[PDB]
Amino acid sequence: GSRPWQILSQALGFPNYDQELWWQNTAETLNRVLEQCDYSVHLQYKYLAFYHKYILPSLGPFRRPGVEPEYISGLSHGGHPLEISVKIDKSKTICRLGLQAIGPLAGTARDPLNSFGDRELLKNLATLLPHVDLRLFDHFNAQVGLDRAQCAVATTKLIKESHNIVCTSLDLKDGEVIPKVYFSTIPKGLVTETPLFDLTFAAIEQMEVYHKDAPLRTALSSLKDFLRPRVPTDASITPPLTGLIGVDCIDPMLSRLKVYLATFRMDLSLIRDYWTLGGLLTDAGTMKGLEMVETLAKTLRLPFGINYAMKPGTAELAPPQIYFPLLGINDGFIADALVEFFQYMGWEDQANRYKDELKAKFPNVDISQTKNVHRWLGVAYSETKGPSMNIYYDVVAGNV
């Protein structure tokens, strides 16, 4: 074999069998994705070599028949802590990895919520890459992380696939790796009996960048005003709820702060509410995006996601990105739906390639028979940037 994923297997081997299995169920797909997004051969090697060295050991054991890990991830259908996404727009497609870095004691008494692995991987990325910044990670780990006794209590109140506090994504963009993290607010909520809204914004308002950026303060103030009468005021875990805080692991003054809502109910009137922030936003751009999202929902179990991204130095809220949950829906149907949507958008080249490229991404499964390979679809509209489509795959479900 002389494709990059094969050459790297040959050159590098595996320290253990779980890493081997992770490679044999993910790396071909990942190489295919990078080829399909028009990454040069040299970036295909860069990213696959990076994946081998940094990501495979972070993925822990490979859950399979007869071997049941101590730690079960909610990132995927089979309990594997891995997802692969593509972000599609007019001009280009970029690849992103999503995971949870599993510590060697994760899911046991010494580490019940897998509290250490993601920071360890980030520290290793910090000596690898000059632009990686840990300050926001550490701030939120301080504010929503829990001690061992509190993690043990959280595990009594959570199903096994939700024994987590954090997760990591890595954008493979511009020849670089750009890490981002998401912290769950649910375990602190449950353990402290504090409303999720309160502990989320209490955490955000202690950021150093919040204390010296009036615009971010103003934008956050606008978001709280929208969310306060929509999310619970009490301590309950009920929808819509503020379930994740996201940061970029870069200079705090440039990092996007994200507040992620989780909810089960969605219709056209809820879309509009979320997208326009209950009529706060009315410009042409906003309204053009709304139409797009509506059209997507017509064309097409996990909660929906609504993610409000805010950047220091911007006072006004933008529309959120909306996450459609696709678990349990047929992957052939979804592919047909995505083609239709791409036609609607005028992205005729994406439309013509989507199906073929999908089958080629997952050559060991019949896509037309699966319902768990497409797991999420995010849709976004931007200023100074256009419309975007994020497609999240359960790469392992696409391989076994």
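By rigid core we mean the largest C-alpha set that fits within 1.5 Å across both forms. Residues carry their position along the shown sequence, with the first being 1.
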Margin query: After superposing on the rigid core, which of 79-87 and 246-254 has its C-alpha atoms sitting farther from this form in 5 other deposited structures of this protein?
Written below: 79-87
Check: In at least one third of the other PDB entries compared, is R301 left unmodelled?
Finding: yes
Notebook entry, point to check: Count of coordinate-less deposited residues separating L300 and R301, as none, 1 to 3, 4 to 9, or 10 or more?
Noted result: 10 or more
Next item on the list: Would you mind comparing 102-110 and 269-277 for me and telling me which has the higher average C-alpha temperature factor in the entry?
Entry: 269-277
Next item on the list: Determine, for stretches 73-81 and 89-97, which one has the higher mean CA B-factor as deposited.
Entry: 89-97
Next item on the list: Kindly indicate the residue among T384, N16, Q24, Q10 with the greatest C-alpha B-factor in the PDB record.
Entry: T384
Check: For the listed residues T29, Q44, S58, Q36, which one has the largest C-alpha B-factor as given in the deposited model?
Finding: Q36
Notebook entry, point to check: If you rank every modelled residue in this chain by C-alpha B factor, which third holds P179: lowest, middle or highest?
Noted result: lowest
Notebook entry, point to check: Of the three thirds of its chain by CA temperature factor, lowest, middle or highest, which one includes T194?
Noted result: highest
Check: Within this chain, which third does the Cα B-factor at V166 fall in: lowest, middle or highest?
Finding: lowest
Next item on the list: Grab the CA temperature factor for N399 from the record and place it in the lowest, middle or highest third of its chain.
Entry: middle
Notebook entry, point to check: Considering only modelled residues of the same chain, in which third does the CA B-factor of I367 rank: lowest, middle or highest?
Noted result: highest
